[PDB]
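Chains as they are written, first to last, in the entry's author numbering: chain 1E, 10 to 119, 127 to 163, 180 to 204, 213 to 259; chain 1D, 10 to 119; chain 2E, 1 to 195, 201 to 223; chain 3E, 1 to 195, 201 to 223; chain 2D, 1 to 195, 201 to 223.
One structure is given below, encoded as structure tokens.
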Amino acid sequence: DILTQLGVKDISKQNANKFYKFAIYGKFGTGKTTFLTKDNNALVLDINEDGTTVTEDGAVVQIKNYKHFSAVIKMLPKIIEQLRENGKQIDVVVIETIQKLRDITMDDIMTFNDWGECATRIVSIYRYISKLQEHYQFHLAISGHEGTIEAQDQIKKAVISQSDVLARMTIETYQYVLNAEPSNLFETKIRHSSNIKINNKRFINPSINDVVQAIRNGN
Amino acid sequence: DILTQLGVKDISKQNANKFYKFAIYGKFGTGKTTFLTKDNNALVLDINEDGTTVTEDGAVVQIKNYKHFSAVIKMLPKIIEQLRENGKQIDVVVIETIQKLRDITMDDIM
Amino acid sequence: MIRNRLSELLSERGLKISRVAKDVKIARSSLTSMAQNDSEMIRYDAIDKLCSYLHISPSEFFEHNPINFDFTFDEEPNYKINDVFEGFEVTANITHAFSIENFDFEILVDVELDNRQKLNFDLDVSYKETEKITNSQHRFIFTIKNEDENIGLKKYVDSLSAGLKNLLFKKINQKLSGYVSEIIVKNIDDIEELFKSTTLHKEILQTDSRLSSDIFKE
Amino acid sequence: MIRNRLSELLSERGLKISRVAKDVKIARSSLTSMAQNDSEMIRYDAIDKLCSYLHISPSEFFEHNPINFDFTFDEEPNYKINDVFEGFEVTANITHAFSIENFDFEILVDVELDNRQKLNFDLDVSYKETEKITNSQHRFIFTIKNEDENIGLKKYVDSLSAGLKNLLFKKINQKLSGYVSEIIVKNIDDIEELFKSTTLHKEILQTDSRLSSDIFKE
Amino acid sequence: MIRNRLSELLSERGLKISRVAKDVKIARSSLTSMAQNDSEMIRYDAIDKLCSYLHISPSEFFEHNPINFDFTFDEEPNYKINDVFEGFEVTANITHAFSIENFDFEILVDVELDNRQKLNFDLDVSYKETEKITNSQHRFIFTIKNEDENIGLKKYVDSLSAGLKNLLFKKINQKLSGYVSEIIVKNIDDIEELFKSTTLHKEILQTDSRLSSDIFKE
Ligand SMILES: Nc1ncnc2c1ncn2[C@@H]1O[C@H](COP(=O)(O)OP(=O)(O)OP(O)(O)=S)[C@@H](O)[C@H]1O
Ligand SMILES: Nc1ncnc2c1ncn2[C@@H]1O[C@H](COP(=O)(O)OP(=O)(O)OP(O)(O)=S)[C@@H](O)[C@H]1O
């Protein structure tokens with residue numbers, strides 16, 4: 010089959026159960042981690058930080074070194090199988106901070129040559145995670161700090193391009217709502233098929249499930 | 010166990026008895042130290058100051074030098090064991106002023 | 001056919017390779033290679049030191065059989081290999097890097113009897129499938145197309161002692177693995193992994214191919 | 001002690017070295033060296049081709065004896081050599097070039113039995129005379145000084161088979177000839193002939214020394 | 001086996017190391033090392049000065065026993081080490097830095113008798129656990145796998161005098177500690193503490214491993 014020999018594949022079947030990636034950038038104390046772990050079915054790879062207190066249930070692994078980060082990503086297939094074997098439910102893998110990934114990769118490589133290598137490390141990680149993402153049915157989520181998400185463009189470009197849904201979480213009694221509605225002041229994008237229509241792009245008390253259901257089924 | 014070999018651990022068990030850290034910033038004379046030592050079960054590592062008068066009971070250690078600060082932190086495990094052995098109850102370790110930590114660390118690096 | 005019997009003799013007496021090497025003053029690496037039939041030449045000194053040490057006559061050390069087999073592989077094989085792409089670079093699964101549409105060729109075997117008379121048997125071997133022995137390693141499997149015409153070859157093979165038969169099977173496989181691996185490495189370009202580094206060519210050379218046929222049963 | 005029996009087997013069957021080399025496809029030079037016990041290593045292929053060709057089991061090809069002898073030569077010998085002049089350059093008679101006043105040293109021999117037990121015998125060897133085997137060639141003759149103390153060594157030597165004994169005598173002589181020749185070449189400077202050219206050093210190296218003693222009778 | 005008896009003699013007479021060094025004019029550091037059996041060579045002058053000072057004959061100074069033991073460690077051991085992470089940098093507890101999944105190897109011991117005859121015993125040693133001797137220091141514990149086959153070795157060991165036995169046990173342990181420590185330091189990278202500085206490699210070298218087995222009881 011010349012079709013099979015090349016990578017050509019049908020879209021209707023590919024978009025049916027696809028596991029979307031989610032990037033959520035927020036200001037301080039906006040409860041961004043709450044959203045990612047609200048489903049209580051998450052594995053949090055936090056970096057030099059411990060915000061697992063807000064989460065009620067799940068598995069959390071502290072990352073203290075770039076070497077430690079490389080190991081967990083390489084053995085991530087094996088890990089997911091064990092937590093599921095233990096009966097723990099993992100549907101989403103979360104990296105707590107993109108800025109810390111910049112800091113750790115920089116230490117490993119320690127100029128624009130250095131910055132380009134740092135970008136190369138970041139792009140390589142996403143490609144590796146994605147091939148496993150299709151294999152193990154795990155949603156990926158990365159979170160960062162507002163300062180658009182704060183970082184150097186080469187990274188921002190890569191993150192925004194690859195990310196399916198990019199959202200900004202803000203608090204508006214006070215209410216916690218995720219707003220992905222288009223806007224010049226802040227940049228947000230949710231990907232849905234032509235037939236699917238999002239009547240409301242702001243979600244109050246949001247969870248990863250609710251977003252998934254909105255992007256697969258009618259809002 | 011690959012899980013145990015890495016640091017992956019369950020959250021339900023970790024958040025059950027976790028000891029939370031507390032940062033309390035206040036204006037002058039807002040009784041901020043009262044709150045921290047109201048439980049009367051506290052060890053106050055005050056820095057170049059003495060506000061232990063508001064507290065009723067507990068243990069207070071004056072910190073006068075960066076070298077003194079390093080020593081108490083390094084031997085803090087041993088200390089907690091002794092005060093508890095004496096029967097004094099220590100459940101919270103308090104550093105009176107973050108700005109003084111800036112001042113002392115700056116002297117050490119200068 | 002001829003092989004050293006050192007591995008069997010040491011096992012029965014229970015002596016370990018390390019102790020024998022220390023006493024007979026022969027370097028461990030050489031004695032281990034000679035324990036296997038891998039070495040091509042043996043120094044007269046080694047034959048006497050070991051024979052005096054294990055109170056074994058030279059007869060016992062070597063097993064002989066007048067039979068002798070020869071294998072020749074076609075200079076021009078028919079091979080078709082189709083690149084599969086699919087990002088092999090991320091996960092090291094050879095199947096993703098390349099797929100063999102069909103690889104078939106002929107191996108000519110001459111079973112020379114003890115008498116001067118010799119018999120000629122011609123084997124045609126074709127690709128069947130790529131089995132996955134372990135998650136990280138695979139073994140290409142090739143099956144002989146014509147076996148009914150060459151049934152007589154099997155009668156000569158099983159006549160050998162078990163130790164000689166195991167040696168012959170290693171020889172036929174080692175050559176096959178080198179032949180097929182060398183052909184593939186040329187047609188497919190190497191791909192280096194993102195995350201020490203294992204290039205595609207190194208993985209292909211490591212890969213082993215074992216013939217699956219009625220004639221050879223072990 | 002171990003030697004190949006190819007020279008004896010071929011002689012009894014009457015096959016010439018040339019015909020055997022042509023058939024077994026082994027180069028004449030290698031087969032001739034292996035016919036003598038000069039070679040140090042033998043290739044497994046050679047053991048089988050010859051054994052199948054002469055219908056001989058591997059046992060027959062090798063002769064073994066558990067005995068084992070070792071010889072060590074003194075690092076510091078006592079040697080006095082006096083130049084004779086007398087125009088050696090014209091006629092190539094070594095005696096004219098140089099004369100040995102006295103060359104004496106010790107050879108230490110350890111006769112290891114089949115059992116772990118070993119016996120030590122110490123031989124003292126001295127220069128006696130330079131015999132003229134032919135007009136153009138001479139053989140230095142050295143005689144063991146103490147033989148009565150080392151009579152027991154002789155009892156172990158004659159216990160070997162004739163073929164092994166001839167091999168051992170070649171080994172002791174080859175080493176002695178190399179030892180004495182190397183010492184002399186250094187002390188005496190070379191002289192080139194007027195009238201291809203044969204320098205004194207080349208003649209000294211060619212010269213052979215054979216030990217003359219009761220212990221060794223062949 | 002041979003050791004100096006200076007430590008015992010001085011203790012019975014009650015003389016302190018400092019006074020003896022001042023009188024015999026021997027530097028304290030050398031006399032202390034020689035008080036232990038650590039030194040490898042002793043100067044003739046030291047043997048006489050001390051012997052005249054303590055009215056002791058040379059016989060008394062040295063204790064001798066014709067027995068002699070030899071230990072050889074496998075060049076290729078089987079070792080698996082898994083990094084534990086867990087922020088060792090903060091608290092210096094080796095266990096946090098690394099964990100040994102399994103480390104096993106063989107030590108070959110030759111007990112040479114007074115007679116030329118020697119006996120060979122082969123010991124297989126494996127990792128068991130890492131005991132914590134003190135809060136800041138740990139001692140890896142290794143246990144001999146096969147002891148029943150090597151019961152005879154124990155009969156030779158306890159035959160020595162207590163002073164010689166204590167010396168032999170120090171020698172076997174010092175070598176083991178160097179062997180295991182050197183292997184681990186290579187596999188695990190060093191980690192420097194935040195708060201003089203004690204790197205991981207320095208701590209690993211300081212760590213000592215002591216064999217725990219029935220054969221050695223002291
Ligand atoms: N015609 C349209 N009407 C309404 N909304 C639309 C329309 N086209 C796109 N959108 C919105 O934009 C989403 C798709 O954006 P994309 O097509 O991925 O944008 P793009 O600019 O082509 O790609 P990048 O990756 O963002 S540069 C949809 O899910 C809607 O939210
Ligand atoms: N809970 C309280 N209820 C009533 N009065 C209080 C309370 N806490 C503090 N005070 C008053 O404040 C006094 C103690 O003030 P401090 O605890 O010294 O203030 P602080 O802000 O912690 O320290 P500084 O040195 O003034 S910045 C008490 O003696 C009371 O007069």
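C-beta atoms are modelled at their ideal positions from N, C-alpha and C, and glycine is treated no differently.
(request) May I ask you to list, following chain order, the residues of the segment 152-181 of chain 3E that have a beta carbon less than 7 Å from some beta carbon of chain 2E? (result) none
(request) Taking a Cβ distance cut-off of 7 Å, strictly less, list which residues of the segment 10-39 of chain 1D are near chain 2D, in chain order. (result) 14 and 16
(request) Could you tell me whether any non-hydrogen atom of ligand 1 is closer than 7 Å to the CB of residue 231 (chain 1E)? (result) For the purposes of this step, residue 231 (chain 1E) is identified with residue 191 of the first sequence, where counting begins at 1. The answer is yes for residue 231 (chain 1E).
(message) How far does the alpha helix (DSSP H) with residue 11 (chain 1E) in it extend, from its first residue to its last?
(response) For this step, residue 11 (chain 1E) is matched to residue 2 along the first sequence. First-last of the alpha helix (DSSP H) with residue 11 (chain 1E): 11-14.
(request) Report yes if the CB atom of residue 88 (chain 1E) is closer than 8 Å to the CB atom of residue 17 (chain 1D), and no otherwise. (result) Taking the first residue of the first sequence as 1, we reach residue 88 (chain 1E) at position 79. Taking the first residue of the second sequence as 1, we reach residue 17 (chain 1D) at position 8. Against a cut-off of 8 Å, the Cβ pair of residue 17 (chain 1D) and residue 88 (chain 1E) comes out as a contact.
(message) When you compare the CB of residue 68 (chain 2D) with every CB in chain 1D, is at least one pair closer than 8 Å?
(response) Against the fifth sequence, residue 68 (chain 2D) aligns to sequence position 68. Residue 68 (chain 2D) does not count as touching chain 1D.
(message) Taking a contact to mean a Cβ-Cβ separation below 8 Å, would you say residue 220 (chain 2E) touches residue 145 (chain 2E) in this structure?
(response) Along the third sequence, read from residue 1 onward, the residue named residue 220 (chain 2E) stands at position 215. Along the third sequence, read from residue 1 onward, the residue named residue 145 (chain 2E) stands at position 145. Not closer than 8 Å, so no.
(message) One question on the structure: do residue 108 (chain 3E) and residue 122 (chain 3E) come within less than 8 Å of each other, judged by their Cβ atoms?
(response) Counting from one through the fourth sequence, the residue named residue 108 (chain 3E) turns up at place 108. Counting from one through the fourth sequence, the residue named residue 122 (chain 3E) turns up at place 122. Going by C-beta atoms, residue 108 (chain 3E) is nearer than 8 Å to residue 122 (chain 3E).
(request) Tell me, please, whether the CB atom of residue 86 (chain 2D) is closer than 8 Å to any CB atom in chain 1D? (result) Looking up residue 86 (chain 2D) in the fifth sequence gives position 86. Answer yes: the Cβ-Cβ gap between residue 86 (chain 2D) and chain 1D drops below 8 Å somewhere.
(request) For the segment 54-105 of chain 1E, list the alpha helix (DSSP H) runs that are entirely contained and at least 4 residues long, ordered along the chain. (result) 75-83 and 85-95
(message) Please report whether the beta-carbon of residue 76 (chain 1D) lies at a distance below 8 Å from any beta-carbon of chain 2D.
(response) Position 67 of the second sequence, counted from the first residue, corresponds to residue 76 (chain 1D). Cβ-Cβ to chain 2D under 8 Å: no for residue 76 (chain 1D).
(message) For residue 71 (chain 2D), list the residues DSSP reports as bridge partners.
(response) The residue labelled residue 71 (chain 2D) in the question sits at position 71 within the fifth sequence. Note: residue 71 (chain 2D) sits in a beta bridge opposite 109 (chain 2D).
(message) Cβ closer than 8 Å: which chain 1E residues qualify as neighbours of residue 194 (chain 2E)?
(response) Along the third sequence, one-based indexing puts residue 194 (chain 2E) at 194. Under the 8 Å cutoff, chain 1E gives 140, 143 and 144.
(message) Just checking: is the beta-carbon of residue 250 (chain 1E) within a distance shorter than 8 Å of some beta-carbon in chain 1D?
(response) Position 210 of the first sequence, counting from 1, holds the residue named residue 250 (chain 1E). Not closer than 8 Å to any Cβ of chain 1D, the Cβ of residue 250 (chain 1E) fails to qualify, so no.
(request) Could you list which residues in chain 1E have their beta carbon closer than 7 Å to that of residue 91 (chain 2E), in chain order? (result) Walking along the third sequence from the start, residue 91 (chain 2E) turns up at place 91. Here the neighbours are 147.
(message) Looking at ligand 1, does it come within less than 7 Å of residue 159 (chain 1E), judged from the CB to the closest heavy atom?
(response) Your numbering for residue 159 (chain 1E) matches position 143 in the first sequence. The answer is no for residue 159 (chain 1E).
(message) Mapping the DSSP letters down to three states, classify residue 131 (chain 2D) as helix, strand or coil.
(response) As a working mapping, residue 131 (chain 2D) is identified with position 131 in the fifth sequence. It is a strand residue.
(message) Between residue 258 (chain 1E) and ligand 2, is there a pair consisting of the residue's CB and a ligand heavy atom that are separated by less than 7 Å?
(response) Locating residue 258 (chain 1E) in the first sequence gives position 218, counting from the first residue. Result no, Cβ not under 7 Å from ligand 2.
(message) Please tell me whether residue 82 (chain 2D) has its Cβ less than 8 Å away from any Cβ of chain 1D.
(response) As a working note, residue 82 (chain 2D) is residue 82 in the fifth sequence. Answer yes: the Cβ-Cβ gap between residue 82 (chain 2D) and chain 1D drops below 8 Å somewhere.
(request) For chain 3E, find out if any of its Cβ atoms is closer than 8 Å to the Cβ of residue 77 (chain 2E); answer yes or no. (result) Taking the first residue of the third sequence as position 1, residue 77 (chain 2E) is located at position 77. It does not; no Cβ of chain 3E falls within 8 Å.
(message) Please tell me whether residue 52 (chain 3E) and residue 35 (chain 3E) are closer than 8 Å, where the distance is taken between their beta carbons.
(response) Along the fourth sequence, one-based indexing puts residue 52 (chain 3E) at 52. Along the fourth sequence, one-based indexing puts residue 35 (chain 3E) at 35. No.
(request) With a 10 Å radius around its C-beta and 16 neighbouring C-beta atoms as the bar for buried, classify residue 29 (chain 1E) as buried or exposed. (result) Against the first sequence, residue 29 (chain 1E) aligns to sequence position 20. Buried, because 16 or more other Cβ atoms sit within 10 Å of the Cβ of residue 29 (chain 1E).
(message) Only counting the same chain, and skipping five residues up and downstream in sequence, which positions put a Cβ closer than 7 Å to that of residue 149 (chain 2E)?
(response) Position 149 of the third sequence holds residue 149 (chain 2E). Contacts found: none.
(message) Please tell me whether residue 200 (chain 2D) and residue 69 (chain 2D) are closer than 8 Å, where the distance is taken between their beta carbons.
(response) Any structural detail on residue 200 (chain 2D) is unavailable, because chain 2D resumes at 201 straight after 195.
(message) Quick check: the Cα distance between residue 71 (chain 1E) and residue 58 (chain 1E), rounded to an integer number of angstroms?
(response) Taking the first residue of the first sequence as position 1, residue 71 (chain 1E) is located at position 62. Taking the first residue of the first sequence as position 1, residue 58 (chain 1E) is located at position 49. Computed Cα separation, rounded: 7 Å.
(request) To the nearest angstrom, report how far apart residue 159 (chain 3E) and residue 26 (chain 3E) are at their CA atoms. (result) As a first step, residue 159 (chain 3E) is located in the fourth sequence; it is residue number 159 there, counting from the start. As a first step, residue 26 (chain 3E) is located in the fourth sequence; it is residue number 26 there, counting from the start. Those two C-alpha atoms are separated by around 35 Å.
(message) Taking 7 Å as the cut-off, is the C-beta of residue 37 (chain 1D) nearer than that to any heavy atom in ligand 2?
(response) Position 28 of the second sequence, counted from the first residue, corresponds to residue 37 (chain 1D). Result yes, Cβ under 7 Å from ligand 2.
(request) Report the option in 87 (chain 2E), 76 (chain 2E) and 41 (chain 2E) whose CA atom is closest to the CA atom of residue 180 (chain 2E). (result) Start at 1 with the first residue of the third sequence, and residue 180 (chain 2E) comes out as number 180. It is 76 (chain 2E) whose Cα lies nearest to the Cα of residue 180 (chain 2E).
(message) Is the beta carbon of residue 59 (chain 2E) closer than 8 Å to that of residue 59 (chain 3E)?
(response) As a working note, residue 59 (chain 3E) is residue 59 in the fourth sequence. As a working note, residue 59 (chain 2E) is residue 59 in the third sequence. Closer than 8 Å, so yes.
(request) Please state if the CB of residue 44 (chain 1E) and the CB of residue 246 (chain 1E) are separated by a distance shorter than 8 Å. (result) Looking up residue 246 (chain 1E) in the first sequence gives position 206. Looking up residue 44 (chain 1E) in the first sequence gives position 35. Their beta carbons are under 8 Å apart, which means residue 246 (chain 1E) touches residue 44 (chain 1E) by this criterion.
(message) DSSP has residue 64 (chain 2D) in a bridge; who is on the other side?
(response) In the fifth sequence, the residue the question calls residue 64 (chain 2D) occupies position 64. Residue 64 (chain 2D) is bridged to 2 (chain 2D).
(message) Using a 10 Å radius around the Cβ and a threshold of 16 neighbouring Cβ atoms, would you call residue 55 (chain 3E) buried or exposed?
(response) Looking up residue 55 (chain 3E) in the fourth sequence gives position 55. Exposed.
(request) Mind checking the segment 75-94 of chain 1E against chain 1D and listing, in chain order, the residues whose C-beta falls within less than 8 Å of any C-beta there? (result) 77, 80, 81, 84, 87, 88, 91 and 92
(message) To be precise: take each residue of the segment 3-27 of chain 2E, compare its Cβ to all Cβ atoms of chain 2D, and keep it if any distance is under 9 Å. Which residues remain?
(response) 16, 18, 19, 22 and 23
(request) Would you mind reading off the limits of the beta strand (DSSP E) that contains residue 221 (chain 2E)? (result) Here residue 221 (chain 2E) refers to the residue found at position 216 when the third sequence is read from its first residue. No beta strand (DSSP E) holds residue 221 (chain 2E); DSSP gives it neither H nor E.
(message) ligand 1 and residue 140 (chain 1E): does the residue's C-beta get closer than 7 Å to at least one heavy atom of that ligand?
(response) Working through the first sequence from its first residue, we reach residue 140 (chain 1E) at position 124. No, ligand 1 has no heavy atom inside 7 Å of this Cβ.
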